[PDB]
Each structure stands twice: as structure tokens, then as C-alpha cells.
Amino acid sequence: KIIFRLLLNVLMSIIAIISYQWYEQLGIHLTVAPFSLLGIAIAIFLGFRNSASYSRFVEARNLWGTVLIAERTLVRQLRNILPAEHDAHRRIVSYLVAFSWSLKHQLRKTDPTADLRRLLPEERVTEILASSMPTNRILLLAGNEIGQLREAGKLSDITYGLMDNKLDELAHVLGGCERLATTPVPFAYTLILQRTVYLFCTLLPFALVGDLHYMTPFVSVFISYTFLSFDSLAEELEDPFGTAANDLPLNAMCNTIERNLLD
Amino acid sequence: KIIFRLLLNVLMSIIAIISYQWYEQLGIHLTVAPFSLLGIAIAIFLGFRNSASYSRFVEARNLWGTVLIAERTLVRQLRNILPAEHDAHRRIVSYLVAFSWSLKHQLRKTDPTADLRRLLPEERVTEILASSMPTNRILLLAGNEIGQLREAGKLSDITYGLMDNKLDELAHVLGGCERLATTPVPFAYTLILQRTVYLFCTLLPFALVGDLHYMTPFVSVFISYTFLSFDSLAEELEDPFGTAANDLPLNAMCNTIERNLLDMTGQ
Amino acid sequence: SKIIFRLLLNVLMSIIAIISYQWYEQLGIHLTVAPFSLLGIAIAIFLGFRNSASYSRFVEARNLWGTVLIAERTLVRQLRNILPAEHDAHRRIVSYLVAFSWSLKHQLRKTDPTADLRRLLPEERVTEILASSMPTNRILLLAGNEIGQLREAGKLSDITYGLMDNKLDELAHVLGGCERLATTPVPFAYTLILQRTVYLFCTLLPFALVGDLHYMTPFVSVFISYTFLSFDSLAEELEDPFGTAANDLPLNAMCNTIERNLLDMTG
Amino acid sequence: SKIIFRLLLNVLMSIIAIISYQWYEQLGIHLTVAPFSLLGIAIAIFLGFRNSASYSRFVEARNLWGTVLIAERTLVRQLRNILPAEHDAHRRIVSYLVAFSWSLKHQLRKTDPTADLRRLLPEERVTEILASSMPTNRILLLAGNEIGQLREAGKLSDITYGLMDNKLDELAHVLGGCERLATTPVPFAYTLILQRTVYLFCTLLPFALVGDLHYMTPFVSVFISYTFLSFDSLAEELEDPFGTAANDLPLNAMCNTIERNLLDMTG
Amino acid sequence: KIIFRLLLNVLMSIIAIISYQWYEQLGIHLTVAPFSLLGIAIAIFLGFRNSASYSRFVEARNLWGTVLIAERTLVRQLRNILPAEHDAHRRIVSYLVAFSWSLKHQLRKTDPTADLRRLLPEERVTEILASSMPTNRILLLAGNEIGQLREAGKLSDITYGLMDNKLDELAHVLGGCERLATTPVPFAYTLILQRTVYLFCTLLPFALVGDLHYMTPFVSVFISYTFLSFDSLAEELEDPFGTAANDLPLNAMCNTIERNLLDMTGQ
Ligand SMILES: [Zn+2]
Ligand SMILES: [Zn+2]
Ligand SMILES: [Zn+2]
Ligand SMILES: [Zn+2]
Ligand SMILES: [Zn+2]
Ligand SMILES: [Zn+2]
Ligand SMILES: [Zn+2]
Ligand SMILES: [Zn+2]
Ligand SMILES: [Zn+2]
Ligand SMILES: [Zn+2]
Ligand SMILES: [Zn+2]
Ligand SMILES: [Zn+2]
Ligand SMILES: [Zn+2]
């Protein structure tokens, strides 16, 4: 939407020239000095705000990376400690894949039923969907398979420990994503500063014109671009899970985990 | 609160314009340039102040998230290692929920006793309220449960250590919240700066009135809106265990924890 | 504070400015704002980036002592769950943990801790303690001797023994933390120099202002000087966390809360 | 770099502006310096932050590739401390580990690991690997299959096995991090579009300085541009950590450091 | 070597006060406004640059702080688990101390042999020196001793693992140091910025003179001092493993660790 507000700045500059030669006549003066004070303060505050939003996105991407790492080492460990229990392979792998897809749907407020019925039996799908947090459930189920191998005596308490620790990695991951999606940390102010920048960009012409005249737009559209390009970054980073093509590519990540774990 | 000052600002602007004629006579010249120096100063400073307030608030949110995580897996580990012992599932889950709520009440400066006794017997509720470190007592009893199950031979030293770790995670969380509230040690500056930023925003029109005259208010109010809105940003994040709106949703969190662990146990 | 001296000084110096704006073109001294805005913003940028590190390390000290409390709390919990029985062994442990705390506080305030071990430990260990170069390291080797005596007894398996030793690491690391921050001679490479730089800046500022401001010089000069000197004092505070000033950490109350925690936990 | 190209452009632009100041009041239109101070400072701030992102990316990449050397070093250590005379395993595991390293280099440059693979392994498993979704991951799996092969045969307990499996975790987490920086980079976007805004700001700049600077415009408008153009080129050198350039990370050199190390550890 | 720059700067002020004349010629004027843009820009760039440099320095510090902690508690564990096996202790302590020296000698590219023979048996020194990576070779040899305690039954897999994990705090340290020592990162932007600050300063009076007249050699040396201080701050942090006086002492660090490791073995 930057080119709209840009080429609306062009308008407000034309207005600030065809309405410039009237200022003392009816009052009003305007100087660059306040607007570069304001401008520098806005440039400092944007940098700090973006630094937060960038942080959020970076943290989200790290959480989803740990999904992939943990779910890979758990299947590796099954294949290496119980090399010969493949009917447990499938059960665990499918609970893991279930869990990935199920998290994606959690973050998107979408229906996971569809995806669950492809990987798991309906007797599981209903138990899963019934929970106040189906992801946590799918983890509980993974833990079940892992501990039944223990009571079966196929896993020592040591090796049970090794693998259980990955359900721990996966839980620390679920809690993370809930933290970022459930609790936005003061993102309302992102609206505020947005407003602020726009207001700034549409006044700058009326202040620049005294020094720039017919050059007023050429300068006042450069400056605003540099400011509108910076605020825009906060808009494309602050929703790491959302529908927008820039947000984290969760469908594609999930496909990656499922393809990995299949073996 | 902010809009009180955004109006007071226009008071200072019209007061400046009416106050302008006696400037030359009375011997007062005021120029924007020092005030740009001051404004750019204050702005930098707020950026760093704010930067810190934000980090504190993130630590509190991350620390609470750790509760939800650690308890979820502690329960899970019970139901996976000792799936046929729900007499301990009940007691451990009830200690864990009581840990969360005890904490929430610690940080809110309120009586933790109601939620405490709703989920426990009286015989231990006493020993907890009768401690000066109640939330730490709850962890003592919750560990005592696992130690029991180990003496009983129902947990090996391996599988006991597994749950003991997650207790250690909760202990770190408790130390964390304790430190974060554990005084705002001489951070008086967040006050100082605020007091600064108000003064600035009120003196600003008396500097701007020469170079702007009848334009002065709108500009000043604009700047006072910009400096104030950012400044008040580090009032919110600075108290994170509060009764405020943008503050942490602790009550909702503990509710989520209870429903989580009750639902995991089958209740 | 020490700044409310500096504020009065600034007012004095701007008076000097107004009474000595006359000998200006004569002595050849022209002083304008615009070079001093460069100096001021350069300085503010630098203060932000300096305070940034100062708050970082003060925060680190905070987190280190909090970690002391957590680790010892849990080592006590672990004993009260794996060896519910041997309460007489524990006091010799809790006595070493409290000995460790106070020996840290005296290790940092650089004082003589002998009058404090005698309250916690028999005197045969005390001369052994003072004998070694670093007595906190020694108290740790001793509490380790306790846990490890319980190991050789058979009262602890290598698993449970491990569980406990790890917390003597959660503790050794805090030791080596406070050390690295103490022997860290406070990186005043820029800090004393920044404080100086800001002082000089603040006393000059009126001379660069008076040409443009006249009688209004002292007012604007002290607002600016305050804003800079207040953000600067923020470092005099957050740089001696192991000191005694009202800003520096309360290490005595902190050791004491450690003690009443451990005592309260040992019945 | 080809930066002295845009410096050249600024000299030439200064000559145009120097012999265009006459024409300038064509419509009484001027270009002051004040607004380009606004724009220049703002750009500088934004370069600070953006670069900060770029740098962080680079440093992390460097860290993960260091961890590779670290974890393989320990895993071979434990293979020599615990099974000090297995030898068959001593070579087989090291070949799988070198092959992991080289194959990670290939993975990030999207290049052909068949050649190094064949160099280190029998094609009996070169094919098991090349036919996998993520050959790096199949290689970690094969290493595991050797450590489990040794546990099965009882030559490692579940405890020593666990020790080594922690290190194959250390390696999995490395792979994951690199794969994230490459497959899921945070919005690259703004970087390139700053290089635009910076460039333009350089060329447009002397048209504003000439009015103040006369026949000094070339020598100064260049200095300024250099400053900006230098800081900005940081992003380029620090955003392709895995790519091919002098200024990039010498992954080949690193993989030969790793191989030389592990072959040193096995005589 | 900074005061060289300050004196030279005073000189060029004087030059500015006289050659200001011939600036009427053609048009070679220098304003304050362009240098205030450039100075503010340079202040920002310096800020972010020092930020990175500081971080690299702290990381070096803490790496070493972990040499201290890790070796300390490996010794204590050896005592509380194997208190009777002094003949082992003296060996493993020899290898830990030798690791510290060989690490420092590595980061200084100085020769280690003098310390190695002082601490280790000729036939081990020959091997360590024969390696291409002797610090790692030392960690390995420290391994064979612990792993032979395990091979003798004097250590169980649990306790062995509790020590093995310290050989890892160490391995992680040696890697971190090596990576910190293969820098420069961009290949030396921080040099480029240094020159940029030198030029900015030793052109600044030519731009101040038109306004400050004699007050030029004063305001100017103040400004140059501010920038040159903040920037000289980096050349100190960038080489933390260096011979120069601002860098970590290391030899002091290596001594502190040696005496710490002897005052824990009754030596
Ligand atoms: Zn399979
Ligand atoms: Zn249950
Ligand atoms: Zn019953
Ligand atoms: Zn009550
Ligand atoms: Zn955990
Ligand atoms: Zn702990
Ligand atoms: Zn340690
Ligand atoms: Zn007790
Ligand atoms: Zn071998
Ligand atoms: Zn892991
Ligand atoms: Zn001119
Ligand atoms: Zn000994
Ligand atoms: Zn390791």
C-alpha cells in the first residue's frame, strides 16, 4: 500500500504549493527544525519497535525449527535402540506427524480433524479432538507408546529417558508457540506508530515547501518512502503464523517433517 | 491520563501565543535548536529505557510459559511411567495446580488460601500458609510425592530423576518471578525520564512559538503525542504481574493449567 | 545526590556566561549551538550504548545471586526426598550452604568472613577453609565431601548422588560468575571518561547557548544538564552491584532470605 | 569493491551540480541541507538496525558450524575413552562423521555430495544416503546405527550409549539451525530496498550540499557517501554465510579442519 | 597515541584560523551542517560497531570463566567420588592445568613446550606436541585417565558420565576460543571506520572555524576527543586474546586456575 500513500504525498505537496503563497496572508508558518526533531524521534522509535517485532518472528522460527530437530532425533533413536519394532515405528511417527499438523492448525485457528483422520485411527481422532489442547494430547499418546515399550522391557529406564526428553523438547515448543500466539506483547502500539508515521508523512510537504518550493514533492516523497519502507517491515514481521505469504511457511514445514519421518 | 496532558498541552500553546508579545520586551529569546538537542537526547534515552522494560516483560511471560510446560510434562511422565497409580496422579496434579495458583497470588500481593484449599487437604494447607515461603513449600510436598513413589520401589532412580528435573525447572521459574518482583532495585529512572518527558512536552511550545506562531499548538501537540505515546509504552511493560489490561493474563493462564492437567489425568 | 551539586554548578556557570557575553567579540570567542548539538547527540548515543552494557551486567549479578537461592533451595528439597531419614546429615549440609552464601558476600565486599563460619561450622573446618586460597571453593569441596560420604555409605545411588552434585555445579558456576564480575575491574575504559565528557559538555553548554538565548541560558542549560546527568548517574548505580550504596545490591538481606528459606525447609 | 563505482558517480554528480547552481533559481527552487540531514540520520539509524539483523544471522551461522567441530571432537573422544580398542568402530564412525560435515557443506551450497561421499564411504551406503530426503539426516541415522550396533553387542551400556547419543543430538540441532537459516530466512525484502534508498541518497545528495559548499562539494559529498556506502556494504558481506565469496565462510576449509582433527584423533 | 591525534588536531585548528582567508578563492566553504550529519551518522555507526565488538569480548571472557568453573568441579567430583585415588588426582590435575596453558599458548600462537614439560610426562608431551591440535590432544589424554578409572571399576558409568560431561564444558570452550580467534569477521570494517573517524576529526575544525574562530581549537578537541574515545574503545575489545594491555590477562588467568587446582589436591 506504499505506492498509494506515496502518490498521496504527491497530492499533499501539490496542495502545499498551490496553498503556500497564502501563509502570512492568513497566518501560519512552518520550519524544518521541528519536523526533523520529530523525524529523528520517529526514526529512533521505529527502530526499537521493529527490533521487537523482528524478535517475535525470529523466536517463532526457532520454535518451529525445534519441532523438526526433536521429531527427527526421536525417530532416529527408535530406529537405533529398537531397530526391529517397526509396528511401533509407524505408531510413533504418525503421532509425531499428527502433532506437527495439529500445531499448525492450532496456530491458524483451523480444523485439524481432516488431517488427523489421514494419519491416525478415528478412535484416536475423537480422543484427540476432545481435549482442551489436542497437541498436548498427541504428545501424551507419543509418551504412551514410548512407555509401553518400557513396561514391555524393550527399553531400559535409561533409554526411556533419552526418548522421553524429546517429548520434553516438543512440550517446551508447544508452550512457546502458545506464548507468542496467545500473548501478543503490546502490539497495539504498532497501530499507534503507524498512524504517527502517516501523519508525519502528510505534513512534511507543508513544512518543507518553504525551503524547497517546486522541489517540495521530489524530496517529500523520498523521505516518506524511507520512513514508509521502515514501518512496513513491522507489518510484515509481527504475525509469524498468519495467512500472509511472508509469515512462516507452516504447511511447507509440516510436509518437510512428514517426508523426513517416513522411513 | 495521556489525553489529560495532550489537552494541557494546548493550554500551554495558547498560553504561549498570548504570552508572545512580552517576549522581546521581557528579555526572553527561545530557539528550537537546543530543544532538538534535548528531544533527540530524551528520545534516545527512552529507546534504551523502553528496551529494558520490554526485556523484563518478556522474561515474565517466558517464565510463566515455563510453568505450563513443566507441569504438562511432569503429569505426562506420571501417566507414561506410572499409568496405574492415579492415587498419586491426583495428589501430584493437585500440588502442581496449587503451585501455579500460589505463585499468581504471591505476585498479585493477595491471599492465596481459597484456591489453595479448593485443591488440597487442610492438613498441608496449614504447613504451607504456616511457611514464609509457601510456593516453595508446595514444591517440597510435590517432591515428597515423587520420593514416596520411589521408596515404594514404583520409580527407579532414573525415572525419579526424570520428574525431579521438571521440579527443578519449576524452582527456577519461582526464583525468576521472585527476582523480577524481588524489588525494582533503584530503577527510579523510569520515573525520572517520565517526569522529564512531561516537562519537555510542556516547554516545547514556548520554544516553537517564534518559528510557528499560530501554527504552534498542532505541531507541539503532535510531538507531545509522539513522545508521550512511546514513553507510556514503558509504563505497561514495566509492571507485568499486575491487575492491568495489557498486563499478563495470569488468571487465564492458571485456569488453562488446571484444565490442562485435569484433562490429561482423565477427570 | 552528588548531582544536585552539579546542577547548582551549572547554574553558576551559565551566570558566568551571561555576565561574560560582553568580552566575546573582543576576546574573539564565538560559541554557537550547532557544533554542540553534534557533541550532545554523539554523547547521548554513547550513553545509551554504555548504560546498555551497565544494565546488562547489573542484571547478570542480580541473576547470579537469585541462582544461589534456587540451587540451594533445591539441594535441600532433594535431601528431604531421597533421604527423608538422615536429618542429622542435612544440617551439616545446610550449614555449608549458608557458609557458602556469606563467604560469597564477604568474598565480594572484600571483608574477613571468619566471624561468620564460626556461627555455622566447627573450627577444625574453619582453619582448613581459610587455609585455602579461595574459601567459597573450599566450602563447596566440603559440601561435596558430605554428599559423597552419603554416596560411599550406600545411602545414595550414583543416580541420586548425581542429582545432587549437579546443584553444586548450579553453584560453582555462580561462584565463577561473581568472580568474573568482581575481577572485571569495571570496564570504566569509557565510563569514567563518559562521566567526565558529560560534565565538561554540561558546563560548556551555557557558553554555546548564551549567544542565542541571553537571560534564558541557565534554565535551558540546567534542563539539558539534568537530562544528561540523570541518565549518566544510572551507571554510577548499576556498576557496583557488590557494594553498599542504596542502589548496590542488598547482599545481607539476600543471604538472610537464603538462610530463612533453608531453615524453614529443614523443619 | 564496485563501491568506488558509486563514489565515482558522486564526483561526477558534484561536477554537474557545481556547474548547475546558476540554473538552479530557474524557478527560485533550491535544495537545502536540513531535510537531507533528516533523511540522512534516519537512514543511518535504519542501517544500524538492519545491519544488526544481518550480523546476527552471520554470527549464528558461524556458531553452528563451530559446534560441528566441537561435537564430533567429543564423540570421537568418548569412542577412544570408552571403547579404546574397537578400531573397526573407530574408523566407521569417523567416516560417517566427516561425511556428515562435507555433506552439510554441499547441502547449503546446493552442490553435489556424490563425490566426497564416494571418497569416504562404500557405495553400498553412498546410495542409501543419496536417495534420502535429507542425506545429512540419513548420515546421522547411520552413525546412530553404529552406536546401537555397539550397544546391542553389549560393548556399551545404556549409560555410555546415552552419553554418545547426546552428541548425535548436538549434531542434529546444528543441521536444524543451518536448514532454518537457508530454507526459512526472515523477510530478506527490506535489505535490498535499503541499498536502493542509500544509493539514491548518495547521488541526490550533492545537489543539496552545493548551495552550501561551492567548489568543495566533490571532496565532501564523497566522504559522506563513503561512510554510508561502507556501513551498508556490511549487509552484503554478512547475509550469505554459506555462499561463495572471499567475504563468506570458508566451509571447505572448515571441513578440512574437521577431517584433519578426527584423523588426528585416530592416529 | 590518541593524544597524538589530539595535538595534531589542535595544529589543524590553528591552520584553519589562518588559511580561512583564501577560502574566498573560487568557493571552498565548509559548513557545520554537513559535518553534523556526518558526525551523527558516524556516532550511530560507531555505536552498532562497538556493540558487536563488546559482545565478542564478553564472549571471550565467559569462555575462560568456564575453563575455571569446569576444571574446578571436575577436580571436586574426583575427590568426593574417588577420595582415596590421589595418584589419579595428581595426573588428571596435571592434564587440566596443561589444557589451560596449551589453550593460551594456542590463542597467542606462542610455543607451549615450556609449560607442557613442566606439567606432563615426557612421553605425553611428545604426543601432544606431535598433534596438529595439541589442546584437543590434551582433552583426549585427560579422557584416557578417567576412562581407565572406569575400565578399572573405580568409576561406574553414572559417575563417569558425571565427569565426561566436564570434558565437554571444556571442549565447548576450546571450540569457542578457536572461532573467536579465526576472525576478523568482515575482514576488518572496524579499521575502515577508524580511518573514517580520524578524517572526520582532522577535518572538523576547517568546518567549525567560520563560526567558532579561536574557540575552534577547543570545541574541536572536545569533539575529536569524544569520537576518538568511543572509537578507541573498539581496538581494545576486538583482540581479547592479545598481547596488548587492554586484553584478557590469560597468564594471570592460567595462574589463578593452576593454584586453584593445586589448593584442591593438598599440594
Ligand atoms: Zn522405520
Ligand atoms: Zn494420570
Ligand atoms: Zn485407591
Ligand atoms: Zn488466607
Ligand atoms: Zn524441561
Ligand atoms: Zn535449579
Ligand atoms: Zn559446571
Ligand atoms: Zn531436612
Ligand atoms: Zn582407532
Ligand atoms: Zn535435543
Ligand atoms: Zn557559497
Ligand atoms: Zn588428590
Ligand atoms: Zn558436548
# chains A, B, ... in the order shown; residues from 1 in each chain; ligands from 1
call {"tool": "interface_residues", "arguments": {"of": "chain C", "to": "chain E", "cutoff": "7 Å", "atoms": "only C-alpha atoms", "output": "NGL selection string"}}
result
:C and (28-31 or 35 or 38-39 or 41-42 or 45-46 or 49 or 132-133 or 141 or 144-145 or 148 or 158-159 or 162 or 172-173 or 176 or 180 or 190)
call {"tool": "write_last_selection", "arguments": {"atoms": "N, CA and C atoms", "output": "PDB file, in the first residue's frame"}}
result
ATOM      1  N   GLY C  28      37.499  37.425  21.091  1.00  0.00           N
ATOM      2  CA  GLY C  28      37.479  36.559  19.928  1.00  0.00           C
ATOM      3  C   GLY C  28      36.778  35.232  20.116  1.00  0.00           C
ATOM      4  N   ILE C  29      35.930  35.108  21.128  1.00  0.00           N
ATOM      5  CA  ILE C  29      35.244  33.857  21.420  1.00  0.00           C
ATOM      6  C   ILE C  29      33.838  33.951  20.847  1.00  0.00           C
ATOM      7  N   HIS C  30      33.596  33.189  19.792  1.00  0.00           N
ATOM      8  CA  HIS C  30      32.259  32.948  19.275  1.00  0.00           C
ATOM      9  C   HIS C  30      31.908  31.487  19.544  1.00  0.00           C
ATOM     10  N   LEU C  31      30.747  31.257  20.164  1.00  0.00           N
ATOM     11  CA  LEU C  31      30.294  29.911  20.505  1.00  0.00           C
ATOM     12  C   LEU C  31      28.845  29.744  20.082  1.00  0.00           C
ATOM     13  N   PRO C  35      27.489  23.198  16.679  1.00  0.00           N
ATOM     14  CA  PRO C  35      28.517  22.184  16.969  1.00  0.00           C
ATOM     15  C   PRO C  35      28.225  21.420  18.239  1.00  0.00           C
ATOM     16  N   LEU C  38      25.815  18.542  17.788  1.00  0.00           N
ATOM     17  CA  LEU C  38      26.586  17.364  17.394  1.00  0.00           C
ATOM     18  C   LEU C  38      27.227  16.697  18.614  1.00  0.00           C
ATOM     19  N   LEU C  39      27.866  17.481  19.479  1.00  0.00           N
ATOM     20  CA  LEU C  39      28.513  16.851  20.621  1.00  0.00           C
ATOM     21  C   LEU C  39      27.478  16.187  21.529  1.00  0.00           C
ATOM     22  N   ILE C  41      24.332  15.000  20.868  1.00  0.00           N
ATOM     23  CA  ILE C  41      23.740  13.785  20.320  1.00  0.00           C
ATOM     24  C   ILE C  41      24.772  12.674  20.259  1.00  0.00           C
ATOM     25  N   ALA C  42      26.008  13.005  19.886  1.00  0.00           N
ATOM     26  CA  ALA C  42      27.047  11.988  19.924  1.00  0.00           C
ATOM     27  C   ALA C  42      27.119  11.378  21.312  1.00  0.00           C
ATOM     28  N   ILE C  45      23.846   9.167  22.204  1.00  0.00           N
ATOM     29  CA  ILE C  45      24.093   7.891  21.529  1.00  0.00           C
ATOM     30  C   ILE C  45      25.052   7.020  22.341  1.00  0.00           C
ATOM     31  N   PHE C  46      26.196   7.594  22.754  1.00  0.00           N
ATOM     32  CA  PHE C  46      27.199   6.843  23.524  1.00  0.00           C
ATOM     33  C   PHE C  46      26.680   6.404  24.905  1.00  0.00           C
ATOM     34  N   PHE C  49      24.444   3.469  24.495  1.00  0.00           N
ATOM     35  CA  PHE C  49      25.183   2.226  24.296  1.00  0.00           C
ATOM     36  C   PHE C  49      26.059   1.842  25.487  1.00  0.00           C
ATOM     37  N   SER C 132      42.961 -22.424  52.459  1.00  0.00           N
ATOM     38  CA  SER C 132      42.961 -22.440  51.004  1.00  0.00           C
ATOM     39  C   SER C 132      42.829 -21.027  50.444  1.00  0.00           C
ATOM     40  N   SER C 133      43.388 -20.827  49.243  1.00  0.00           N
ATOM     41  CA  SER C 133      43.324 -19.516  48.600  1.00  0.00           C
ATOM     42  C   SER C 133      41.887 -19.003  48.554  1.00  0.00           C
ATOM     43  N   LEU C 141      33.908 -27.739  48.057  1.00  0.00           N
ATOM     44  CA  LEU C 141      34.555 -29.052  48.148  1.00  0.00           C
ATOM     45  C   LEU C 141      34.091 -29.810  49.391  1.00  0.00           C
ATOM     46  N   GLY C 144      30.428 -31.012  49.030  1.00  0.00           N
ATOM     47  CA  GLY C 144      30.615 -32.149  48.161  1.00  0.00           C
ATOM     48  C   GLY C 144      31.128 -33.363  48.902  1.00  0.00           C
ATOM     49  N   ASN C 145      32.077 -33.159  49.832  1.00  0.00           N
ATOM     50  CA  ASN C 145      32.500 -34.259  50.702  1.00  0.00           C
ATOM     51  C   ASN C 145      31.332 -34.841  51.474  1.00  0.00           C
ATOM     52  N   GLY C 148      29.093 -36.855  49.016  1.00  0.00           N
ATOM     53  CA  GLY C 148      29.870 -38.020  48.615  1.00  0.00           C
ATOM     54  C   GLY C 148      30.154 -39.024  49.719  1.00  0.00           C
ATOM     55  N   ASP C 158      24.545 -43.865  42.688  1.00  0.00           N
ATOM     56  CA  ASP C 158      25.219 -42.935  41.794  1.00  0.00           C
ATOM     57  C   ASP C 158      24.217 -42.054  41.046  1.00  0.00           C
ATOM     58  N   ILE C 159      23.011 -42.558  40.772  1.00  0.00           N
ATOM     59  CA  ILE C 159      21.973 -41.712  40.187  1.00  0.00           C
ATOM     60  C   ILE C 159      21.642 -40.551  41.120  1.00  0.00           C
ATOM     61  N   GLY C 162      24.345 -38.134  41.734  1.00  0.00           N
ATOM     62  CA  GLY C 162      24.441 -37.259  40.585  1.00  0.00           C
ATOM     63  C   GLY C 162      23.458 -36.118  40.695  1.00  0.00           C
ATOM     64  N   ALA C 172      28.876 -23.796  41.679  1.00  0.00           N
ATOM     65  CA  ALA C 172      30.204 -23.412  41.214  1.00  0.00           C
ATOM     66  C   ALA C 172      30.128 -22.343  40.137  1.00  0.00           C
ATOM     67  N   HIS C 173      29.203 -22.505  39.178  1.00  0.00           N
ATOM     68  CA  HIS C 173      29.076 -21.526  38.101  1.00  0.00           C
ATOM     69  C   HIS C 173      28.696 -20.143  38.629  1.00  0.00           C
ATOM     70  N   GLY C 176      32.100 -18.648  39.931  1.00  0.00           N
ATOM     71  CA  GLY C 176      32.822 -18.119  38.782  1.00  0.00           C
ATOM     72  C   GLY C 176      32.146 -16.994  38.012  1.00  0.00           C
ATOM     73  N   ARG C 180      34.255 -13.342  37.900  1.00  0.00           N
ATOM     74  CA  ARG C 180      34.450 -12.663  36.623  1.00  0.00           C
ATOM     75  C   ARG C 180      33.891 -11.247  36.640  1.00  0.00           C
ATOM     76  N   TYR C 190      35.507   3.563  29.083  1.00  0.00           N
ATOM     77  CA  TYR C 190      34.742   4.714  28.635  1.00  0.00           C
ATOM     78  C   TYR C 190      33.901   5.342  29.740  1.00  0.00           C
TER      79      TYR C 190
END
call {"tool": "calpha_fit_rmsd", "arguments": {"fixed": "chain E", "moving": "chain B"}}
result
0.8 Å
call {"tool": "residues_around", "arguments": {"residues": "residue 112 of chain E", "least_positions_apart": "6", "cutoff": "10 Å", "atoms": "only C-alpha atoms", "output": "ChimeraX atom specification"}}
result
/E:98,101-106,125,128-129,134-135
call {"tool": "residues_near_ligand", "arguments": {"ligand": "ligand 3", "cutoff": "10 Å", "atoms": "only C-alpha atoms and all ligand atoms", "output": "ChimeraX atom specification"}}
result
/B:85-88
call {"tool": "residues_around", "arguments": {"residues": "residue 127 of chain D", "least_positions_apart": "6", "cutoff": "10 Å", "atoms": "only C-alpha atoms", "output": "count of residues only"}}
result
5
call {"tool": "atom_distance", "arguments": {"atom1": "atom CA of residue 111 of chain A", "atom2": "atom CA of residue 146 of chain A"}}
result
27.5 Å
call {"tool": "interface_residues", "arguments": {"of": "chain A", "to": "chain C", "cutoff": "12 Å", "atoms": "only C-alpha atoms", "output": "PyMOL selection string"}}
result
chain A and resi 37+40+44+157-158
call {"tool": "write_last_selection", "arguments": {"atoms": "N, CA and C atoms", "output": "PDB file, in the first residue's frame"}}
result
ATOM      1  N   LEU A  37      13.267  17.223  14.290  1.00  0.00           N
ATOM      2  CA  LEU A  37      13.259  16.669  15.639  1.00  0.00           C
ATOM      3  C   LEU A  37      12.310  15.498  15.668  1.00  0.00           C
ATOM      4  N   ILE A  40      13.521  12.547  13.614  1.00  0.00           N
ATOM      5  CA  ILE A  40      14.548  11.720  14.242  1.00  0.00           C
ATOM      6  C   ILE A  40      13.969  10.894  15.393  1.00  0.00           C
ATOM      7  N   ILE A  44      14.024   6.838  15.612  1.00  0.00           N
ATOM      8  CA  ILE A  44      14.534   6.056  16.739  1.00  0.00           C
ATOM      9  C   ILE A  44      13.480   5.051  17.225  1.00  0.00           C
ATOM     10  N   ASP A 157      15.133 -47.996  31.634  1.00  0.00           N
ATOM     11  CA  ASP A 157      14.710 -46.688  32.121  1.00  0.00           C
ATOM     12  C   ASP A 157      15.624 -45.602  31.570  1.00  0.00           C
ATOM     13  N   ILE A 158      16.872 -45.972  31.266  1.00  0.00           N
ATOM     14  CA  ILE A 158      17.830 -45.076  30.633  1.00  0.00           C
ATOM     15  C   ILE A 158      17.353 -44.682  29.248  1.00  0.00           C
TER      16      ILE A 158
END
call {"tool": "residues_near_ligand", "arguments": {"ligand": "ligand 9", "cutoff": "6 Å", "atoms": "only C-alpha atoms and all ligand atoms", "output": "ChimeraX atom specification"}}
result
/D:87,90,266
call {"tool": "write_last_selection", "arguments": {"atoms": "N, CA and C atoms", "output": "PDB file, in the first residue's frame"}}
result
ATOM      1  N   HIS D  87      38.327 -49.936  17.261  1.00  0.00           N
ATOM      2  CA  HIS D  87      39.026 -49.729  15.968  1.00  0.00           C
ATOM      3  C   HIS D  87      38.060 -49.860  14.792  1.00  0.00           C
ATOM      4  N   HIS D  90      36.056 -47.421  15.342  1.00  0.00           N
ATOM      5  CA  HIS D  90      36.906 -46.205  15.394  1.00  0.00           C
ATOM      6  C   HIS D  90      36.970 -45.603  13.992  1.00  0.00           C
ATOM      7  N   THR D 266      42.402 -40.326  15.552  1.00  0.00           N
ATOM      8  CA  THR D 266      42.521 -41.769  15.379  1.00  0.00           C
ATOM      9  C   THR D 266      43.819 -42.130  14.658  1.00  0.00           C
TER      10      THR D 266
END
call {"tool": "closest_residue", "arguments": {"among": "B:235, B:145, B:258, B:168", "to": "ligand 5", "atoms": "only C-alpha atoms and all ligand atoms"}}
result
B:168
call {"tool": "residues_around", "arguments": {"residues": "residue 179 of chain B", "least_positions_apart": "4", "cutoff": "10 Å", "atoms": "only C-alpha atoms", "output": "list in words"}}
result
residues 173, 174, 175, 183 and 184 of chain B; 62, 63, 65, 66 and 67 of chain C
call {"tool": "write_last_selection", "arguments": {"atoms": "N, CA and C atoms", "output": "mmCIF file, in the first residue's frame"}}
result
data_model
loop_
_atom_site.group_PDB
_atom_site.id
_atom_site.type_symbol
_atom_site.label_atom_id
_atom_site.label_comp_id
_atom_site.auth_asym_id
_atom_site.auth_seq_id
_atom_site.Cartn_x
_atom_site.Cartn_y
_atom_site.Cartn_z
ATOM 1 N N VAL B 173 11.765 -21.271 37.724
ATOM 2 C CA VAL B 173 10.666 -20.324 37.454
ATOM 3 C C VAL B 173 10.323 -19.481 38.681
ATOM 4 N N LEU B 174 10.198 -20.136 39.842
ATOM 5 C CA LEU B 174 9.818 -19.425 41.060
ATOM 6 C C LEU B 174 10.883 -18.409 41.461
ATOM 7 N N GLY B 175 12.162 -18.800 41.392
ATOM 8 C CA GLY B 175 13.227 -17.842 41.643
ATOM 9 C C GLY B 175 13.166 -16.659 40.692
ATOM 10 N N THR B 183 12.083 -6.700 44.105
ATOM 11 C CA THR B 183 12.360 -5.253 44.148
ATOM 12 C C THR B 183 12.561 -4.704 42.737
ATOM 13 N N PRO B 184 12.211 -3.437 42.517
ATOM 14 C CA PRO B 184 12.596 -2.764 41.329
ATOM 15 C C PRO B 184 13.744 -2.071 42.074
ATOM 16 N N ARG C 62 22.344 -9.631 39.611
ATOM 17 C CA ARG C 62 21.035 -9.999 40.137
ATOM 18 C C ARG C 62 20.751 -11.481 39.884
ATOM 19 N N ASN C 63 20.838 -11.899 38.619
ATOM 20 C CA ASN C 63 20.506 -13.273 38.252
ATOM 21 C C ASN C 63 21.430 -14.290 38.900
ATOM 22 N N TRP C 65 22.903 -14.081 42.001
ATOM 23 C CA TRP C 65 22.512 -14.336 43.396
ATOM 24 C C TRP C 65 21.163 -15.051 43.501
ATOM 25 N N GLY C 66 20.201 -14.665 42.667
ATOM 26 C CA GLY C 66 18.985 -15.457 42.579
ATOM 27 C C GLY C 66 19.266 -16.927 42.325
ATOM 28 N N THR C 67 20.204 -17.220 41.421
ATOM 29 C CA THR C 67 20.553 -18.617 41.182
ATOM 30 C C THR C 67 21.098 -19.279 42.435
#
call {"tool": "atom_distance", "arguments": {"atom1": "atom CA of residue 10 of chain A", "atom2": "atom CA of residue 191 of chain A"}}
result
23.6 Å
call {"tool": "interface_residues", "arguments": {"of": "chain A", "to": "chain B", "cutoff": "8 Å", "atoms": "only C-alpha atoms", "output": "PyMOL selection string"}}
result
chain A and resi 27-31+33-34+37-38+40-42+44-45+48+131-133+136-137+140+143-144+146-148+157-158+161+167-168+171-172+174-176+179+185-186+189+192+196
call {"tool": "residues_around", "arguments": {"residues": "segment 254-260 of chain C", "least_positions_apart": "3", "cutoff": "9 Å", "atoms": "only C-alpha atoms", "output": "MDAnalysis selection string"}}
result
(chainID B and resid 132) or (chainID C and resid 65:66 68:70 72:73 94 97:98 101:102 105 249:251 263:265)
